[PDB]
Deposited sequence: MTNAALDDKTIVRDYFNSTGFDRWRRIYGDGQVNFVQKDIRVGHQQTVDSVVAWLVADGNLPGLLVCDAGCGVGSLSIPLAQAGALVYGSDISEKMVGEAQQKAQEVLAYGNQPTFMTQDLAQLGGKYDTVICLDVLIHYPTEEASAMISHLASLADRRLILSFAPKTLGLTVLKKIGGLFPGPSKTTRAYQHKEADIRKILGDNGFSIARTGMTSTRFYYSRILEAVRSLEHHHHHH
């Protein structure tokens, strides 16, 4: 049920709002802060993979790729990127953005797909800022499936805390009549049960954006 709700959102009001944030057009201070925060997360992950030295020719799965904010710079650096997203609107935008940026050079292959139904095998599987849309119990099933696609590495980002959303939930009960945080201990446990140990980690914190980043490597 959650999948349909998230999908419909990113195919409608969510598409327009987030394509503007992930884009380069004029935005208000709230959206700008979130753009900056998200850009930091993307940049951090690209930096990790570039630093390793083996990114050119590296098989990468970008699960829940959105408008290709991560797919595109990875491809620019020589990666072989397979991007997928549950939202056809997001996928279409990613394809158009990649064609505008990369023309006919090294570029991702994009596909509309629920990550839970994703197949194939990759050196590195990446899932950024997607898990926030699902409760912990559903996140475990998602992480476990992604881990099954990862020959060596799984990178995830999640919010340990969602202030604004938490505030909204608590305020909601105060009148007649969402987002999900994940505990790092819970995420690390799920990764461990799938045979992964934690390598590098990172953290992005701005005014309205908070993302914990974990690099997990197969033992």
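Counting the deposited sequence from 1, the stretches lacking C-alpha coordinates are 1-6, 184-188, 231-238.
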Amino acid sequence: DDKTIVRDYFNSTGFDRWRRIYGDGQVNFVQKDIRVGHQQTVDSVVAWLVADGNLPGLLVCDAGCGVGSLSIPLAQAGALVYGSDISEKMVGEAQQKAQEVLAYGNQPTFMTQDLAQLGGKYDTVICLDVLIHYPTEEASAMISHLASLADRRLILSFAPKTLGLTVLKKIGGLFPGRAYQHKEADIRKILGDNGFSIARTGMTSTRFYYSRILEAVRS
From here on, numbers count along this sequence of modelled residues.
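Looking at 55-63 and 31-39 together, the entry lists the larger mean B-factor for 31-39, computed on C-alpha atoms. Between 106-114 and 76-84, it is 106-114 that carries the larger average Cα temperature factor according to the deposited entry. Highest C-alpha temperature factor among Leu154, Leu168, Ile187, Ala47, as the PDB entry reports it: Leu168. Per the deposited record, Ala179 carries the highest C-alpha B-factor of all listed residues (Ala179, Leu70, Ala159, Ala150). In the deposited entry, the Cα temperature factor of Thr13 places it in the highest third of its chain's modelled residues. Ranked against the other modelled residues of its chain, the C-alpha B-factor of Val217 as given in the entry falls in the middle third. Ranked against the other modelled residues of its chain, the C-alpha B-factor of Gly23 as given in the entry falls in the highest third.
In the PDB entry, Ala141 places in the middle third of its chain by CA B-factor. Per-chain ranking of the deposited C-alpha B factor places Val91 in the highest third.
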